[PDB]
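Here the structure comes first, spelled out in structure tokens, and everything after it is commentary.
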2 protein chains.
Amino acid sequence: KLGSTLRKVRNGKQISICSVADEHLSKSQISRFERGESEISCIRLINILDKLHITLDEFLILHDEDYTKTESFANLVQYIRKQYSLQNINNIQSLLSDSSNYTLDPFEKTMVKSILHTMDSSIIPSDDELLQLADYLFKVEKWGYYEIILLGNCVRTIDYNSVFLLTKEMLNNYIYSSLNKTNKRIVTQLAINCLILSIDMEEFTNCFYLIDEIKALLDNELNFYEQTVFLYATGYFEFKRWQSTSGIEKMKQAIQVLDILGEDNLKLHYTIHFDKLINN
Amino acid sequence: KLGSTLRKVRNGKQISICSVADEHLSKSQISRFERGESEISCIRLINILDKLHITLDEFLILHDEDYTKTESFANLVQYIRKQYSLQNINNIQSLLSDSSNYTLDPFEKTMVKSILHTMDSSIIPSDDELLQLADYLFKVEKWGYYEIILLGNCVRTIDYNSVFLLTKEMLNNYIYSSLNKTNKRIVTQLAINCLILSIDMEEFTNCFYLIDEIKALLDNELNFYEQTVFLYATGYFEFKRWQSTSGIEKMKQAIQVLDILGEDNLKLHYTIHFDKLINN
DNA sequence: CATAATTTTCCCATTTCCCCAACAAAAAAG
DNA sequence: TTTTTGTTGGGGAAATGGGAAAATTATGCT
């Protein structure tokens with residue numbers, strides 16, 4: 001089913017079958033594959049794509065732009081992003097029902113329940129399903145998008161100690177490629193949220209460790225949003241610890257960035273937090 | 001050659017061949033493929049990966065962690081970025097020589113020559129080759145990483161109007177998704193640099209267009225670096241156009257962000273620019 | 001207009017892959 | 001023994017590679 005869009009891509013680049021053919025694939029097989037008549041192995045498909053100067057990510061994206069993007073987990077988080085952004089609780093809660101067309105696996109149900117916990121405190125993930133998701137994450141080899149998102153939304157639902165331990169493992173086991181730092185950016189955001197939660201719990205050794213780790217992640221990475229929330233994180237850290245004038249200075253500076261960059265909502269939430277810190 | 005790392009992945013998630021076996025692929029074929037004995041079509045490999053909760057990029061990244069990467073345009077820009085950061089002019093220029101173990105295609109040579117132009121004014125791409133790369137980009141269908149990087153690194157070498165036209169075409173033809181917001185970030189950076197060059201040439205209608213377009217790209221995209229350079233861009237815009245009191249404030253706000261976070265050198269570049277503008 | 005280019009596609013040699021079974025084989029059920 | 005998993009063959013089915021028609025485009029010149 002892929003070959004059709006290979007034809008589309010090839011003709012858009014005004015390249016002939018004769019050109020993309022090489023010692024690795026005969027012209028006839030390209031003709032057949034592009035016509036949905038036969039299927040070629042992934043290795044040779046990558047070879048042909050490289051001839052055309054297009055990534056497999058780019059090609060599969062163009063191919064999913066036509067046809068359909070079926071139940072993936074990528075489309076699941078996409079859908080939850082759209083609903084949560086709109087604040088449609090009864091649209092997300094429906095993913096747990098029987099009649100749902102998006103199907104959730106146990107860990108997916110745990111993650112959705114934990115996301116719904118922020119929209120409604122009454123929606124609580126069971127102690128057992130949470131310990132099962134922790135069981136899974138503790139026995140991971142290399143962390144992909146899947147495991148990252150699973151941990152990321154349950155940072156405040158699973159036991160703290162478990163959360164920090166899993167964060168430490170994630171930092172030194174997740175899949176990363178320089179040409180796509182999406183996983184890296186999400187990991188940095190998760191680490192910073194774990195840092196905020198660590199200052200909440202007053203475990204300053206975990207705080208120091210995560211501050212160094214986040215520093216490393218941020219280094220020569222133009223993720224100024226993460227840098228800003230991390231500046232506020234270091235401020236919260238130094239305030240909880242000693243009530244440092246440099247910490248409150250950093251916390252003020254972060255809201256100042258959120259002001260210059262007209263990010264109204266971020267500035268507002270990080271102002272209301274600072275208010276509770278200075279009121280009490 | 002792929003199957004081996006699939007085995008690794010499968011063994012890391014501690015799931016059996018019987019588990020990933022389904023209506024689409026027999027167990028024996030998985031055994032053989034993982035043993036480097038037979039090859040499955042990309043569709044079936046995608047299916048097996050989907051069962052294992054891993055992207056095809058994630059999987060190919062793990063596969064490239066071992067073995068070796070056939071040096072491509074992706075790895076070429078990887079290398080040139082690393083060298084440019086370190087300021088190794090002769091290490092970049094060596095890519096054009098006989099002795100280079102990267103064989104650069106004509107447009108790749110044009111891009112490298114243009115990268116060397118910023119490091120040395122004497123290195124200028126010929127009038128012919130720049131028009132050759134422009135001709136290529138003008139007859140592109142969908143803009144992938146290749147075409148985007150080619151334009152982005154030649155924004156100041158090809159004809160201004162040609163560059164702006166190619167930018168306008170790129171904004172409405174590039175490949176974009178969600179599991180990879182990389183290309184969108186690069187496109188936003190390119191648009192903002194085209195905006196700076198548009199204020200340089202004083203084509204304020206092009207500026208207006210790019211301001212709206214960049215606005216659209218940035219919306220609820222936490223690219224505070226792009227937002228900062230765009231705030232300074234709008235400041236330069238309003239200053240050159242009207243000598244606006246609001247524009248100098250915007251430029252000051254952007255330099256303020258670059259200081260507040262602590263990106264020293266960015267602060268230096270955008271300070272030297274503001275200094276020359278307020279001096280003259 | 002007609003003819004001459006390329007791009008493409010249609011059939012058939014053989015190689016290779018693949019589902020169905022039977023085994024081979026370590027576990028973690030009893 | 002009790003579900004389980006990793007690795008083998010054999011009829012069958014595809015997927016390939018190499019040649020010629022047929023659809024599509026570029027031009028033959030008076």
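In the structure tokens, each chain is lettered A, B, ... as it comes, each chain's residues begin at 1, and ligands are numbered from 1 in order of appearance.
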At a cut-off of 10 Å, which residues of chain A touch chain D? Count only C-alpha atoms (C1' of nucleotides) and give the answer as number ranges by chain. A: 25-29, 32, 38-41
Please dump the current selection as a CSV table (one decimal), in the first residue's frame; keep N, CA and C atoms.
chain,number,residue,atom,x,y,z
A,25,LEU,N,17.6,-3.1,-7.0
A,25,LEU,CA,16.2,-3.3,-7.4
A,25,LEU,C,16.0,-3.1,-8.9
A,26,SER,N,15.4,-4.0,-9.5
A,26,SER,CA,15.1,-4.0,-10.9
A,26,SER,C,13.9,-3.0,-11.2
A,27,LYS,N,13.9,-2.4,-12.4
A,27,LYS,CA,12.9,-1.4,-12.8
A,27,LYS,C,11.5,-2.1,-12.7
A,28,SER,N,11.3,-3.3,-13.2
A,28,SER,CA,10.0,-4.0,-13.1
A,28,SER,C,9.5,-4.0,-11.7
A,29,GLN,N,10.3,-4.3,-10.7
A,29,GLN,CA,9.8,-4.4,-9.3
A,29,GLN,C,9.4,-3.0,-8.8
A,32,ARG,N,5.9,-2.5,-10.4
A,32,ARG,CA,4.9,-3.3,-9.7
A,32,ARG,C,4.6,-2.7,-8.3
A,38,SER,N,3.0,-5.4,-6.2
A,38,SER,CA,4.0,-6.2,-5.4
A,38,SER,C,4.6,-5.3,-4.3
A,39,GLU,N,5.2,-5.9,-3.3
A,39,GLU,CA,5.7,-5.2,-2.1
A,39,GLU,C,7.2,-5.5,-2.0
A,40,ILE,N,8.0,-4.4,-1.8
A,40,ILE,CA,9.5,-4.4,-1.6
A,40,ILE,C,9.8,-4.4,-0.2
A,41,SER,N,11.0,-5.0,0.2
A,41,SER,CA,11.5,-4.9,1.6
A,41,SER,C,11.8,-3.5,2.0
Once you count only C-alpha atoms (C1' of nucleotides), which residues of chain C turn out to be within 10 Å of chain A? Could you give them as a list in words? residues 6, 7, 8, 9 and 10 of chain C
Take the residues from that selection and write them out as a short mmCIF file (atom, residue, chain, number, x, y, z; two decimals), in the first residue's frame, keeping C-alpha atoms (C1' of nucleotides).
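The resulting result-v3.cif:
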data_model
loop_
_atom_site.label_atom_id
_atom_site.label_comp_id
_atom_site.auth_asym_id
_atom_site.auth_seq_id
_atom_site.Cartn_x
_atom_site.Cartn_y
_atom_site.Cartn_z
"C1'" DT C 6 12.11 8.06 -23.35
"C1'" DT C 7 9.28 6.28 -19.75
"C1'" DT C 8 6.70 2.61 -18.71
"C1'" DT C 9 4.80 -1.91 -18.40
"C1'" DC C 10 3.84 -6.69 -19.52
#
Contact residues around range 136-142 of chain B with only C-alpha atoms (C1' of nucleotides) at 8 Å, ignoring same-chain residues under 6 positions, as a short mmCIF file (atom, residue, chain, number, x, y, z; two decimals) with N, CA, C and O atoms, in the first residue's frame:
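result-v1.cif was written with the following content:
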data_model
loop_
_atom_site.label_atom_id
_atom_site.label_comp_id
_atom_site.auth_asym_id
_atom_site.auth_seq_id
_atom_site.Cartn_x
_atom_site.Cartn_y
_atom_site.Cartn_z
N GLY A 12 6.58 13.75 -8.39
CA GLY A 12 6.65 15.14 -7.96
C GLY A 12 8.05 15.69 -8.09
O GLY A 12 8.24 16.85 -8.48
N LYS A 13 9.05 14.87 -7.78
CA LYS A 13 10.45 15.22 -7.95
C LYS A 13 10.91 15.09 -9.40
O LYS A 13 12.09 15.34 -9.68
N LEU B 151 18.04 25.67 1.28
CA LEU B 151 17.65 27.08 1.23
C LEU B 151 18.16 27.84 2.46
O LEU B 151 18.79 28.90 2.34
N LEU B 166 11.16 31.65 -2.71
CA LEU B 166 11.37 30.28 -2.27
C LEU B 166 10.89 30.09 -0.83
O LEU B 166 10.37 29.03 -0.49
N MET B 170 8.10 27.55 0.31
CA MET B 170 8.43 26.55 1.33
C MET B 170 7.39 26.52 2.45
O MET B 170 6.95 25.44 2.86
N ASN B 173 4.48 24.32 1.58
CA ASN B 173 4.73 23.04 0.91
C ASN B 173 5.59 22.07 1.71
O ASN B 173 5.88 20.99 1.20
N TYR B 174 6.03 22.41 2.92
CA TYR B 174 6.91 21.52 3.66
C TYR B 174 6.15 20.43 4.40
O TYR B 174 4.96 20.55 4.70
N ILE B 175 6.86 19.34 4.67
CA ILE B 175 6.33 18.16 5.35
C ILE B 175 6.39 18.37 6.85
O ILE B 175 7.45 18.66 7.40
#
Could you give me, as CSV, a per-residue list for chain A showing, wherever an atom lies at most 9 Å from an atom of chain B, the closest pair of atoms and their distance in Å to one decimal, using only C-alpha atoms and sorting by chain then residue number from low to high?
residue,atom,partner,partner_atom,distance
A:1,CA,B:43,CA,8.3
A:2,CA,B:43,CA,7.9
A:9,CA,B:142,CA,8.4
A:12,CA,B:141,CA,5.6
A:13,CA,B:141,CA,6.6
A:39,CA,B:41,CA,6.5
A:40,CA,B:41,CA,5.5
A:41,CA,B:41,CA,3.7
A:42,CA,B:42,CA,4.0
A:43,CA,B:42,CA,7.7
A:45,CA,B:42,CA,7.7
A:50,CA,B:72,CA,8.1
A:53,CA,B:146,CA,6.3
A:54,CA,B:144,CA,6.3
A:55,CA,B:145,CA,7.8
A:56,CA,B:57,CA,7.8
A:57,CA,B:57,CA,6.8
A:58,CA,B:175,CA,6.4
A:59,CA,B:175,CA,8.8
A:61,CA,B:177,CA,6.8
A:62,CA,B:175,CA,7.1
A:72,CA,B:50,CA,7.7
A:73,CA,B:53,CA,8.7
A:74,CA,B:179,CA,7.0
A:75,CA,B:178,CA,8.9
A:78,CA,B:178,CA,7.6
A:139,CA,B:13,CA,8.3
A:140,CA,B:13,CA,6.6
A:141,CA,B:12,CA,5.3
A:142,CA,B:12,CA,7.4
A:144,CA,B:54,CA,6.3
A:145,CA,B:54,CA,7.4
A:146,CA,B:53,CA,6.4
A:147,CA,B:53,CA,8.6
A:175,CA,B:58,CA,6.6
A:176,CA,B:61,CA,7.4
A:177,CA,B:61,CA,6.5
A:178,CA,B:78,CA,7.8
A:179,CA,B:74,CA,7.4
A:180,CA,B:182,CA,6.2
A:181,CA,B:182,CA,7.6
A:182,CA,B:180,CA,6.3
A:183,CA,B:179,CA,8.7
A:222,CA,B:225,CA,6.1
A:223,CA,B:223,CA,6.6
A:224,CA,B:224,CA,5.1
A:225,CA,B:224,CA,5.3
A:226,CA,B:222,CA,8.7
A:227,CA,B:261,CA,7.0
A:228,CA,B:261,CA,6.9
A:231,CA,B:261,CA,7.6
A:250,CA,B:260,CA,8.7
A:253,CA,B:260,CA,6.4
A:254,CA,B:260,CA,7.9
A:256,CA,B:260,CA,8.4
A:257,CA,B:257,CA,6.1
A:260,CA,B:253,CA,6.2
A:261,CA,B:227,CA,6.9
Straight-line distance linking CA of residue 88 in chain A with CA of residue 156 in chain A, stated in Å to one decimal: 20.9 Å
